[PDB]
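Trainee: Would you mind keeping the following structure in view while I ask a few things?
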Amino acid sequence: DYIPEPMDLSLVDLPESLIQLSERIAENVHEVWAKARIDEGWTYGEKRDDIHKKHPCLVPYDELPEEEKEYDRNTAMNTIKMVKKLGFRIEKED
Amino acid sequence: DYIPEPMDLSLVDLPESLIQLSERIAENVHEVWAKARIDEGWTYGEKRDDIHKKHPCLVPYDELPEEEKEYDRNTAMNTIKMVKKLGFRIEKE
Ligand SMILES: [Mg+2]
């Protein structure tokens, strides 16, 4: 009975100067995720494993497989697009 | 050898009107995640299971346990704070 129905942000316009920073943003978010997991005793492991608290994405961001990095940049951008869709201006300062 | 060191955003100031919308944002972000998973064959299961592609968070956002929603909202706000920290202004139109 559950069907995800995310909002259509395909036409939201973000500043190019911000999209260029996608990678910074995804990186910080990954760092926060990994500090949280690591604080709860998680460590790096080749195979994901709930019992030994093993996760393969517990590596520096640069070392993530490219599709995981795509995922993270895209997530970052969805979130920000959602903020622009809810009626906020986003502009680079001077 | 790997130590995560996220940036300190504790002192970044967001409009209150935006923080009030945390739940809308986190929800939509949950929908995007759940649609991607479900498209790759994942379904709801009370225990997480990579073989049968089972995940207990594949439920409507409202049904998520409160600590999971907490996590989702905080993540949403981290991301937006990081934009403000990188030199962008964010203001209600
Ligand atoms: Mg598992």
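Chains B and A supply the protein sequences, listed in that same order.
When you line the first sequence up against the entry's author numbering, it's residues 7 to 100, in that order.
When you line the second sequence up against the entry's author numbering, it's residues 7 to 99, in that order.
Cβ coordinates follow ideal geometry from the N, Cα and C atoms, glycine included.
(1) Taking three-plus beta-carbon pairs below 8 Å as touching, is the region 9-18 of chain A in contact with the region 39-52 of chain B?
(2) Using a Cβ-based criterion (distance less than 8 Å to any ligand heavy atom), does A/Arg79 qualify as near ligand 1?
(3) Let me check you understand the geometry: is the CB of B/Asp7 closer than 8 Å to at least one non-hydrogen atom of ligand 3?
(4) Report yes or no: do three or more beta-carbon pairs, one from the region 62-71 of chain B and one from the region 15-31 of chain A, lie closer than 8 Å?
(5) Classify B/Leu27: buried if its beta carbon has 16 or more other beta carbons within 10 angstroms, exposed otherwise.
(6) Go through its chain and collect everything with a Cβ distance to B/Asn84's Cβ below 7 Å, but skip five positions before and after it.
(7) Since B/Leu92 contacts A/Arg30 with CB under 8 Å, what's their CB separation in whole angstroms?
(8) Using 9 Å as the limit for Cβ to Cβ distance, is B/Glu52 near chain A?
(9) Cβ closer than 8 Å: which chain A residues qualify as neighbours of B/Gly93?
(10) For B/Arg30, decide whether its Cβ has a neighbour in chain A, counting only Cβ atoms nearer than 9 Å.
(11) Taking the alpha helix (DSSP H) that B/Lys90 falls in, what are its first and last residues?
(12) Could you pull the start and end residues of the beta strand (DSSP E) that B/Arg95 belongs to?
(13) Starting from the Cα of B/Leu17, find the closest Cα among B/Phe94, B/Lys98, B/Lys90 and give me that residue.
(14) By the three-class DSSP mapping on this structure, what secondary structure does B/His58 have?
(15) Closer than 7 Å, Cβ to Cβ, to anything on chain A: give me those residues from the region 17-45 of chain B, in chain order.
Mentor: Taking the definition as stated:
(1) Yes, since at least three Cβ pairs between the region 9-18 of chain A and the region 39-52 of chain B fall closer than 8 Å, the two stretches touch.
(2) no
(3) Among the ligands in the structure shown, ligand 3 does not appear; only ligand 1 can be found there.
(4) no
(5) By the neighbour-count criterion, in which 16 or more other beta carbons inside 10 Å mark a residue as buried, B/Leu27 falls on the buried side.
(6) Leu15
(7) 7 Å
(8) no
(9) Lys98, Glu99
(10) yes
(11) 72-91
(12) 94-98
(13) B/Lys90
(14) B/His58 falls in the coil class under three-state DSSP.
(15) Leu24, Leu27, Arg30, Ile31, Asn34, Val35, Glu37, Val38, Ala40, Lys41, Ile44
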